[PDB]
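Novice: Take a look at the following structure, please.
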Ligand SMILES: [Ca+2]
Ligand SMILES: [Ca+2]
Ligand code: NA
Ligand code: NA
């Protein structure tokens, strides 16, 4: 009876900025989602780093999932890539997958 | 010869020209076609490109695609479709390229559901296949029978089915590194049916012990790094009589059961750096084995972590005959 | 001693006709009270740059006056979000320069056969020695398509023939082509499916930088005659580090640019008339390009090659057509690289690992 | 004074596991005191010497005093001779003499044609181009010249006048060598296998000896103990007749065996 579709992002990752060595975490929300994982600078992030929260929104009908990942100062300064420390998020569904905004940590 | 594109001898250069569609004026004497780093979409593909039989290599990496391209040249062997956004793969789009051998699909948005049932199997001459840095939850079922090199690494694979590796008897190299795979996720004797397998690597995964039932008929290289292996069973390495390279470094191993490397006669190298090797009575076989080992086999990585008295030391040499142990 | 705050050029001068002799150079922060900016940037007083002495030595030494711009153009950034300063101590020594090692040998005349090592298993490959470091270490990277990522070190010349490797470096990004070089204990290997040059320090075994070569063709787009994703060659000479590539703006012709080994930036761009696909290989000597043209396996109605037919100077910005005989005992030429210390060519030609002797003229210009 | 010719090196003492991967430690042989001089090695940052009262204070971590050096130190070639520290200056071929009692510099000697700053160091490197050794004969300088084609060159240096009192050239290469130590004017070259060198499996033994009085070289096969792989520095003390070896992060002391085979 429920409608099946691709994951639609509610809270897309916004560009974070490190201040006085205080680690700031990134926010991500998608629906319909069952598995949410981050892809930092072209490569996947470990499962232990991800903190899942499947909070059902009173407004929306389908299942909502929220995952947070911490980005420390040490992870940024040791990174010697060509572009800035960009973070992208991918959500899973019964039909396919969808990608969100590239949030750059500076 | 097109106006916007500048051709050179037997090559066509459409790369980095901000094109949204493939040019019309394509000669019948061109071998390699370059169309990479453009804004070419799945809809912007003329059918006259399919008629050009002379073209065998096509480059379309770093573009803005959504599905596998249609009306690609009829006699193409190598195809490059990486760093774009292909989500869907279809049976009809691969039936047009019957002579396709090498195929690259890296950094794409390829999902397990998006891929049509037996789409890859339609391309009968396909030997080399690359599905790296994609969003694959598992291994597809419809895989070519004559497929030689299957690379499906850096994805989100947690489960592998026994029927997923069917008819792939002629596969040599199999790469599945950088996934959320586990010993529960792997089926009972799924890799055992691949007799022609020469290389197998599962590095940066979550494996609690090496996968049971592996082919020892043609296997030479076996890589198992950054996993959570607690122990290795006696049957896990048995019958692998043709193995030359073995690597079990960056694991969580304390003690190895004696007679585990007894069936590996052809072994030319073994790597076990960074491991919490608790040195007790169980390491007395390792020290002796390393002493009278032939020059042809190198073994490095064995270093003591526990206790504090023998901490940091090398398993290769014993002091005062392993203390009061014998 | 001389000091200067961030983004300000430092002025060094010796009285009379004397020469500056750098003793200690540190681009960072040791004491917080020196610079006056914002206290949020003075919080970290543990900033150090080991390469600072090597940078200043190339410029300030042998000269009477030197004005170095202390910024991201000459000095690479050690830590982000911290105000930096340059603490340079120096003495006043006479105007005596050191010869032969830094000096130009002359305009090339003949490329002859020197040594024949081993007939390696890999057909396409490359091997080069570190010219800056006075050691008998031989690096070894055998190229395999879509599988290259391991550098193999060797202690001496005897260990390279017999087959005794010292250590193997695990490279994170895959290698694209036979254009690999080593400069002052670091590898400038080119990245797979990209136009970026990955800098990897051998001492620390970690990545230190990645530079994007502007408009450069990559991944079999504009490789050499034999192909093999050799779109970018990395040459080292008396001038420094150089990048041999090809752009579509120059219509597939060879484009040469000087790259800084510390800051990882382009310090001048030069365009040539010769096509990269027509060329077999290229090597730099005293800022002069030497284009190789040779015969390969499977050539229909052709015998032309085994010669140096194109030369391009960077200081003069003028090109000429030459006819210097190049040795082609084997057909499949993979990589050709020059070393200023030994003044010999490091050539990989169809499985075989060979070394080539060089001859020059009595006047360069 | 001469105990004899070296027969075999064996494990004796294990003090503590330091946080530094490289360095050296030595005791003053001329002064009859239980003072231990500690030296942690850091690239382009070494400039402090730490003093310890006794053996018990060295393990627990109780330092007596720290001397502030006027110049940066290069390599792991640290040695103490009659209440004065002898060290190699950074980016220079100069031994620098620093008296511990007065806490001021007393001299600087220029070692002729000596290679410096990672030009000709040991197998692991770390700017160990110049190493200092003390024996029954006196003070010695272990280095390498380009005239000898990168091979080990040993010279006797006066601790007072700061001048070369004889030059000796050997056949062994310094980069091939791991560490060198002098006993009764005889050089002992150590060959060892290091960390991250997974290809290596060869035994760590002493394979080269050179006498100064006879000016003749011989090839030996003395087994050297290698509990760890990163051997930083090896120094000899004539008073206790023991080796001060810094292997990896750990700090150890080795026992020596002597023979009567000597002219
Ligand atoms: Ca070259
Ligand atoms: Ca020593
Ligand atoms: Na090269
Ligand atoms: Na010393």
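The numbers used for chain B are those of Swiss-Prot, and the residues that appear cover 36-361, in sequence.
Header entry for method reads X-ray crystallography, 6.0 Å.
Here the Cβ of each residue, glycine as well, is placed from N, Cα and C on the backbone.
Below, the features straight out of Swiss-Prot:
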- B:36-63: domain 'LRRNT' (DOMAIN)
- B:88-108: repeat 'LRR 2' (REPEAT)
- B:109-131: repeat 'LRR 3' (REPEAT)
- B:159-181: repeat 'LRR 5' (REPEAT)
- B:183-202: repeat 'LRR 6' (REPEAT)
- B:252-274: repeat 'LRR 9' (REPEAT)
Novice: Cβ under 8 Å, sequence separation of at least 6 from the ends of the repeat 'LRR 5' (B:159-181): give me the contacting residues as numbers and ranges.
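Specialist: Sequence-distant neighbours of the repeat 'LRR 5' (B:159-181): 117, 133-147, 150-153, 187-196, 198-205, 211.
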Novice: Residues sitting near the repeat 'LRR 3' (B:109-131): Cβ under 8 Å, six or more positions beyond its termini, same chain?
Specialist: 71, 85-103, 137-146, 149-155, 157-158, 165
Novice: Taking a Cβ cut-off under 8 Å, which residues six or more beyond the ends of the repeat 'LRR 9' (B:252-274) line up next to it in the same chain?
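Specialist: For the repeat 'LRR 9' (B:252-274), the far contacts come to 207, 212, 230-246, 280-292, 294-299.
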Novice: In the same chain, which residue numbers or ranges, 6 or more beyond the ends of the domain 'LRRNT' (B:36-63), come under 8 angstroms Cβ to Cβ?
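Specialist: Here the qualifying positions are 69-76, 79-81, 83-84, 87-90, 94.
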Novice: Residue counts in helix (H, G, I), strand (E, B) and coil for the domain 'LRRNT' (B:36-63), per DSSP?
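Specialist: DSSP classes over the domain 'LRRNT' (B:36-63) add up to 0 helix, 4 strand, 24 coil.
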